[PDB]
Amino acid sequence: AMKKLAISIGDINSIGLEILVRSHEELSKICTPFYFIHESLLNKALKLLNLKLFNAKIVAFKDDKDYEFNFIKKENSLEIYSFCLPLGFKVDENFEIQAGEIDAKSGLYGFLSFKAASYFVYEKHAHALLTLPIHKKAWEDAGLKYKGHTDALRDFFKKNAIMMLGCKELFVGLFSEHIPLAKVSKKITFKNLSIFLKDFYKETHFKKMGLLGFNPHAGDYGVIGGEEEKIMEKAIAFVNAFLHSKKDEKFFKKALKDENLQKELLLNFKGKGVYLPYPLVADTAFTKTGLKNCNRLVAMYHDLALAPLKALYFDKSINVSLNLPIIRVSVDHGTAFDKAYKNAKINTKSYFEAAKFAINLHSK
């Protein structure tokens, strides 16, 4: 029944640790969590929060040339493990907590917690990775070249993750993420969109998915631009027909370049496909009746997803990195970074959602 969940602690100067601790008792009832944190630091946060922690497994990570994972000892109802791995940085746990502040020390430490946990999951010691949020500016101050988890995951695993946001009532894949909105149009090409729609299906197996119009009213039958939507349509038909045919990546790469071959594929395609054939109008897409028609969406750009999504599911909304060799989930900071260790009230709903999501998937 119990799957091992690897949890990287994020920036210790934020509300990450509080979430972790307050949630521990309920979380241990649904999976076995391993927390990537050394005891000395764990205790600094505990004392500062004035909370206690029972029956938890923590993993002290260290830089070594080889992989090695061992149970070491029990202590204060605490189970301590070590994981040695090639990190490329010397772990330094001896610094103080500085509530809500940007700091090179805790920056590097959290980057390392995450790197250690990611490879822990990659080596199959746990079933999935959950990352608590980090502050990119402390990474920057630590002299790291990465811009966030995704960038680091691309470097570790050489794959470009697909982001999917939301929860059971509504998930949305993002064709593009943190790029300026004036750049998104030229990125919507037949080649790129086809690869994305193929990978997104393979990664999720959703049975009925819909693309959101890029233009108002999905272009309104060509009167409000509509050029992007023609491309979307062409990509849907071709992906639909290709998934139905059960042919391989080699055929795909070849057919992406040959219209006559795409055409042959479309003429032989005798199914309803997995993607709706025509882009959705955003006006209708996030209403109750819209959501009942389709609740697995693909958005060409960041805000089309975020605005409606956070208006409905502020609490339970998770971030899911698809297309990597590990299952990785996350949550959004949500509050102000700087406003932490102050008994400010906290929402642990999304932490639980993200966990249950990962637990529910099949082994990679």
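Sequential numbering from 1, following the sequence displayed.
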Selected stretch [higher average CA B-factor]: 321-329 or 36-44: 36-44
Of 122-130 and 77-85, the one with larger mean CA B-factor: 77-85
Out of 280, 91, 184, 174, highest CA B-factor residue: 91
Of the residues 235, 112, 161, 97, the one carrying the largest Cα B-factor as recorded: 97
Residue 337 by Cα B-factor - lowest, middle or highest third of the modelled chain: highest
Chain-wide C-alpha B factor ranking for residue 316, given as lowest, middle or highest third: highest
Chain thirds of CA B-factor: placement of residue 206: middle
Residue 300 - which third its CA temperature factor falls in, relative to the rest of the chain: lowest
Assigned third (lowest, middle, highest) for the C-alpha B factor of residue 227: middle
